[PDB]
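Line order of the protein sequences matches chains B and A.
Here the first sequence stands for residues 3 to 345, 356 to 551, where the numbers follow the deposited numbering.
Here the second sequence stands for residues 3 to 345, 356 to 551, where the numbers follow the deposited numbering.
Beta carbons: idealized from backbone N, C-alpha and C, even for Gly.
2 protein chains.
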Amino acid sequence: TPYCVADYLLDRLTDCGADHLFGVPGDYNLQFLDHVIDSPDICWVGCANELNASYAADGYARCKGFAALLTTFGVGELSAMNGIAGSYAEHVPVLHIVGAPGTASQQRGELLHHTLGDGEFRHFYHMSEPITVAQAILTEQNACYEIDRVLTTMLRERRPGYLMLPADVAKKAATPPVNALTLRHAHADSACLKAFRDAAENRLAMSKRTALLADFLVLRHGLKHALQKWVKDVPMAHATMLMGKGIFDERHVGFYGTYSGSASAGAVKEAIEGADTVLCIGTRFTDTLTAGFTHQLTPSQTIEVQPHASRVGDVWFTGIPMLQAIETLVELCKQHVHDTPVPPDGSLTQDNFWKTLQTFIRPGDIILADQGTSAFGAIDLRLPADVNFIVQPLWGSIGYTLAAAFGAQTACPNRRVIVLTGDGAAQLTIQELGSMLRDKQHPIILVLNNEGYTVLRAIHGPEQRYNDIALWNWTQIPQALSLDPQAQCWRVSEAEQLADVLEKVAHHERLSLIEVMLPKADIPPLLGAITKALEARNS
Amino acid sequence: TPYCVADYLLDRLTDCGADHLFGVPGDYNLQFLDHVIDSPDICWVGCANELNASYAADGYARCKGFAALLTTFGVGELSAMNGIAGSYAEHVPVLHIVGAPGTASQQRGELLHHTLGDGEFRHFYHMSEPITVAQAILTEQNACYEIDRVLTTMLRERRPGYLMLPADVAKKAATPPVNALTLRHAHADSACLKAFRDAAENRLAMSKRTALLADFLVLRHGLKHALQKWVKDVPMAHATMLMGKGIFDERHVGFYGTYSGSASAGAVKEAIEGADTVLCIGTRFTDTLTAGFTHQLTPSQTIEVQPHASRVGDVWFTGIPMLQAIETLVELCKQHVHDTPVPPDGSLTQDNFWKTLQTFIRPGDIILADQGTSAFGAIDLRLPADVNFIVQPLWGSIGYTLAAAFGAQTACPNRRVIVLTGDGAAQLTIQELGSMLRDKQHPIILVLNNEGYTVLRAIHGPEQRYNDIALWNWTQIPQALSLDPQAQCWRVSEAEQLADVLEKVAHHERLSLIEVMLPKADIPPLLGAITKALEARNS
Ligand SMILES: Cc1ncc(C[n+]2csc(CCOP(=O)(O)OP(=O)(O)O)c2C)c(N)n1
Ligand SMILES: Cc1ncc(C[n+]2csc(CCOP(=O)(O)OP(=O)(O)O)c2C)c(N)n1
Ligand SMILES: [Mg+2]
Ligand SMILES: [Mg+2]
């Protein structure tokens, strides 16, 4: 019962914004889990494996701004490694807690289970260094301030951190903090900010019209409000790329569609690439987001804002918080921007599938799309207001979407969750559907059944057997992963049928699994343009 | 069609003893897979996720002495890390091939999918260093001799290796080798071997009773044949530990049961620990194998043989191949060893389940038991001749057994495979059952349904909610993971029913899944002694 390091960690964890802890137990963390169970502030969420748990934590942090994952030493942590890496790649603040053997056992070099048999206990700690921003081995002498330093670094960088918690250290006495862990707002040096403002002001005084391109880093740094308000006060052509989709209400004036480099719609190209001044806010021009680096945006044409630095033309201004750079640009845009941007089929195909989905989505939806024709077709959806669109095109790990949806629904139990996963992707993390059923979640899961890896087929070897998959009976999965699923599952092959099923599952009273029958070679237009561009770089 | 680096690697793969390649495809390895498909010697086995493929490759190499795994850069390779780590811990030679972006893309530092977004392409290569014995990044300038070096080190050490294969490097021209990659037999220095022989002689000429203790390192180095011939030619009390189970036909004279430290049966304790000289051949005294390091074997009592060194009493003799140490001891034992070892219930319990399983096993069986009550009860089984008993008590990653069984069945399609997995463990790799169904395998899968993690319950917090799991509908799983399963499933709750069901499934005419209902608190005797031992070290 006495307050201890385990309780301190859980206290700090809630301060950061996580009300749940994902993971799977092991003998090295059971005593820590006692404090999780006993805590009135954090809810334990056992998952079906550690990889899914790390994915779910990622989806949770994309909804609540923070997440935590608990695994056991060695077998647990190394299983979650692909998940933490994806969190690092896409700037998701997920805390990895690793329950470990007591320090005396470690110092004695004992041949314990979950080790390499060499008596070494730091292999996996060091292996996790490239995919976290901060890390620590908690000791009796450092525990509380190493907890605080790692979590603070995660909050500042919006990226994963790692804590190793030996069983004995977790029971060490601690003191409840009077002060809650605070996200200290950084302020740039006044001269540096003025120098950035002066160069931006000179550049913005050049613009004949200005366009705004924002992406996922404004989502991670809690700047969604700022960019929405910014387009309101200064109406201009604005867009996101795939990663940042959902920043804006896509029905509003000034929005013409998602930007994907040369794969963009013609109206979008003129809106973004045709503007003489483009403001890039939190952008990363990855190969997928630019359809093979086919974006036409010169440095002199752009003003770029990143988490700790901003660029005007060829000059970088470092040590400037993203927020201040945005407030500067918003203030300057009220000065120099003056323009107003003048305020049902038979057989299912990709084209009519997404057309049907367009009529189904609603404000407040949480939409998750996996790599493949799912995410590459979802890019064409015109999202209404208050849509959380979760996609992972930089890391691109298939299977993330199904497990991340379990985490997202846990984060937002009162919101309608739409899961768009390919058949290939869903096989990698299928067991989390059981967790969804056990927790009585009601997402609308759409499995795109094209009988294999269609995006791989389009890239190379459509004929090749390695692009096939085992053919599952998708509508029967919930009845196997639950003793009383109470789900409603359909297998659809016509647009009429799909539209009717959508109205039936509209109010998500039960878990819904819709198996969508699609052709093997049918690809959305973004994938077509991606493969066309691949002719040059991949030969 | 021209012979190239991809063809060279596959040829070397066959030379090492692999007829299959496991993994999941990605755009960075599709062109390599074309050579896998076209090869008449190497068969592609697409898996449901990379973790399962790495587990399956481990199971494959435990049957054929070598295995290979193919993943895609970043998301594939990092998913398989827990499997490669288990292979390293238990000395299983699994080759990890990683398809990577072309060298030109990497050098340009491009923002590619499956990267961290930093332009760095070597993060994951270094992350895999602690869990491999050799690694290389193949270039146009090193590929064929780096392939040979890594595989050679894998063969010598019996441990995993890693190769990064850029797509452009795989297409580079190569030359078919005239000679096959050969496991050159190392030889000790004659004086060094004589020094060990003299010290062993001296000690062995003193023994009034001698016992032989062998374990998993004799399996990995292909010495199982040698050690059974040893006990045949020199009858003595012999045993293995859990990891090495299956080295000896356990029905032979001189065998009294598996050695597990203080958890051993009284006859086993007297047979091994009561001998004045015990020969430990390829042993590692891990916590599980010794029931909490409760083995009573003094250094003066033992002669120990390890892969590159052996010890007599307090003196180590390094640079001696295990084979030579064993041949010497065999020769010395025919001289100085003189001893002759004098030639149905109702409700299901752990006790009557293992008694029932004892009557079911046959020579030629492949038995896999996962961590938990499965592996801890399976240790009491009296194995007949020619049994491959696969268990992972050092790494101890639950979920390994189900996927490894798919690998073992692939290695041995004509052998009867019995999978003993807990309900918790099977949830981690369930998607591999789909792979077994797709490939028309016929394992006997026994799921120990005690409705949660019983071994964790035995350790701490039996009533705690963290020890619960989602309750699956096991008998319906094949019907969900296959459109037409060659499968039959049973649910049993009595010793009566299990015996009848095993009779029906005797000749493995189809895949059979038996849901065995067991009590939540029912524990095998080994687990009881382990938890009793935990009173001292874990407090
Ligand atoms: C973990 C992981 N393994 C492998 C890949 C390589 N990969 C990229 S797309 C793809 C196919 C996706 O298949 P599916 O979900 O069926 O999509 P669709 O048919 O809609 O394209 C694969 C295997 C990946 N992205 N992530
Ligand atoms: C990958 C992994 N995650 C977590 C653990 C921790 N662990 C050890 S035993 C165990 C319970 C296994 O449960 P089950 O398979 O049902 O076995 P049983 O109830 O028969 O003991 C767990 C979770 C582990 N060994 N491996
Ligand atoms: Mg598909
Ligand atoms: Mg169990």
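*Since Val233/A is in the alpha helix (DSSP H), which residue starts that stretch and which ends it?*
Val233/A -> alpha helix (DSSP H) spans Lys226 to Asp235.
_Using a Cβ-Cβ cutoff of 9 Å, what residues of the stretch 369-401 of chain A are near chain B? List them in chain order._
Only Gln383 from the stretch 369-401 of chain A bring a Cβ to less than 9 Å from some Cβ of chain B.
*Taking all protein chains shown into account, do 16 or more other C-beta atoms lie within 10 angstroms of the C-beta of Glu79/A, making it buried, or fewer, making it exposed?*
So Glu79/A counts as buried.
_Along the chain, where does the alpha helix (DSSP H) containing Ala541/B start, and where does it finish?_
Start and end: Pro537 to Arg549.
*State yes or no: is the C-beta of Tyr62/A nearer than 7 Å to some heavy atom of ligand 3?*
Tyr62/A Cβ: outside cutoff for every heavy atom of ligand 3.
*asked:* Given this structure, state the Cα-to-Cα distance separating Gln33/B from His472/A, to the nearest angstrom.
replied: A straight-line Cα-Cα distance of about 8 Å links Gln33/B and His472/A.
_Contacts that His310/B makes with chain A (C-beta to C-beta distance below 8 Å)_ = Within chain A, no residue has its CB atom less than 8 Å from the CB of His310/B, the nearest being about 14 Å off.
*Buried or exposed: where does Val317/A fall if 16 or more other Cβ atoms within 10 Å of its Cβ makes it buried?*
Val317/A should be labelled exposed.
*What is the DSSP secondary structure of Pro168/B, reduced to helix, strand or coil?*
In this structure, DSSP gives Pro168/B an extended state, which the three-state scheme calls strand.
*Would you say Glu52/B touches ligand 2, meaning its beta carbon is less than 7 Å from a heavy atom?*
Yes.
_CA nearest to the CA of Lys234/B, picked from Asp217/B, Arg253/B, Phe126/B and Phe218/B_ = Of the residues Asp217/B, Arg253/B, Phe126/B and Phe218/B, the one whose Cα lies closest to the Cα of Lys234/B is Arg253/B.
*Name the two residues that bound the continuous beta strand (DSSP E) containing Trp502/A.*
Annotation for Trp502/A: the continuous beta strand (DSSP E) segment containing it runs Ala499 to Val504.
*CB-CB under 7 Å to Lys516/B, same chain, minus the five flanking residues each way: which ones, in chain order?*
Only residues of its own chain outside the window of five on either side were considered, and among them none has a CB closer than 7 Å to the CB of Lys516/B.
*Do the CB positions of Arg199/B and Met238/B come within less than 8 Å of each other?*
No. Outside cutoff.
*Return helix, strand or coil for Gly25/B, following the three-state DSSP convention.*
It is a strand residue.
*Using the beta-carbon of each residue, which ones in chain A are nearer than 9 Å to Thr117/B?*
Under a criterion of Cβ atoms nearer than 9 Å, the residues of chain A adjacent to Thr117/B are, in order, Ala91, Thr288, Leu406 and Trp407.
*May I ask you to report which of helix, strand or coil DSSP gives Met245/A?*
Look at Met245/A here: in three-state DSSP terms it is coil, with no helix or strand label.
*Grab me the residues of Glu142/A's own chain with a C-beta within less than 7 Å of its C-beta, minus the 5 sequence neighbours each way, in chain order.*
Correct list, in chain order: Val171 and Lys174.
*Any alpha helix (DSSP H) of 4 or more consecutive residues that is wholly inside the stretch 432-457 of chain A*: Taken in chain order, the unbroken stretches of alpha helix (DSSP H) that lie wholly in the stretch 432-457 of chain A and span 4 residues or more are 435-440 and 444-450.
*Return the CA-CA distance between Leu281/A and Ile305/A, expressed in angstroms with no decimal places.*
Between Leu281/A and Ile305/A, the C-alpha separation is close to 5 Å.
*Boundaries of the alpha helix (DSSP H) in which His125/B is found, first to last residue*: DSSP places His125/B in the uninterrupted alpha helix (DSSP H) bounded by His125 to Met129.
*What's the gap between the Cα of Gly384/A and the Cα of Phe418/A?*
Cα to Cα, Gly384/A sits roughly 20 Å from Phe418/A.
*So what's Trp366/A in DSSP terms, helix, strand or just coil?*
In the three-state DSSP reduction, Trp366/A falls in the helix class (H, G or I).
*asked:* Taking the straight line between their C-alpha atoms, what separation do you get for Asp341/B and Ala277/B?
replied: Going from the Cα of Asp341/B to the Cα of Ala277/B covers about 12 Å.
*asked:* Taking 7 Å as the cut-off, is the beta-carbon of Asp29/B closer than that to any non-hydrogen atom of ligand 4?
replied: No.
*If we ignore side chains and look at the alpha-carbon of each, how far apart do residue 353/B and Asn181/B end up?*
Gap note for chain B: numbering proceeds from 345 to 356 with nothing in between, so residue 353/B has no coordinates.
*Mind checking which residues open and close the alpha helix (DSSP H) that includes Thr73/B?*
That residue, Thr73/B, is in no alpha helix (DSSP H); its beta strand (DSSP E) goes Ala69 to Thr74.
*Beta carbon of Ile149/A, beta carbon of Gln476/B: below 8 Å?*
Cβ distance not < 8 Å, so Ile149/A and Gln476/B don't count as in contact.
*Where does the unbroken beta strand (DSSP E) through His93/B begin, and where does it stop?*
No beta strand (DSSP E) contains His93/B, which DSSP labels as neither H nor E.
_Within the stretch 305-329 of chain A, ranges of the beta strand (DSSP E) (whole runs, at least 3 residues)_ = The qualifying runs are 311-314 and 317-320.
*Excluding five sequence neighbours on each side, which residues of the same chain lie with their C-beta closer than 7 Å to the C-beta of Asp398/B?*
These residues qualify, in order along the chain: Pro375 and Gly376.
*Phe123/B versus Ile139/B, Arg158/B and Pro455/B, residue with shortest Cα-Cα distance*: Checked all of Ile139/B, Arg158/B and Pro455/B; the closest Cα to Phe123/B is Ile139/B.
*asked:* According to DSSP, simplified to helix, strand and coil, what is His472/A?
replied: Taken through DSSP and simplified to helix, strand or coil, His472/A comes out as coil.
*chain B residues whose Cβ lies nearer than 7 Å to that of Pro132/A*: What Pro132/A touches in chain B: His125 and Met129.
*asked:* To be precise: take each residue of the stretch 10-41 of chain A, compare its Cβ to all Cβ atoms of chain B, and keep it if any distance is under 7 Å. Which residues remain?
replied: Of all residues in the stretch 10-41 of chain A, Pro27, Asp29, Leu32, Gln33, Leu35, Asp36 and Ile39 have a Cβ within less than 7 Å of some Cβ in chain B.
_8 Å Cβ cutoff, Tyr62/A in contact with chain B_ = No, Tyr62/A lies away from the interface with chain B (no Cβ there is under 8 Å from its Cβ).
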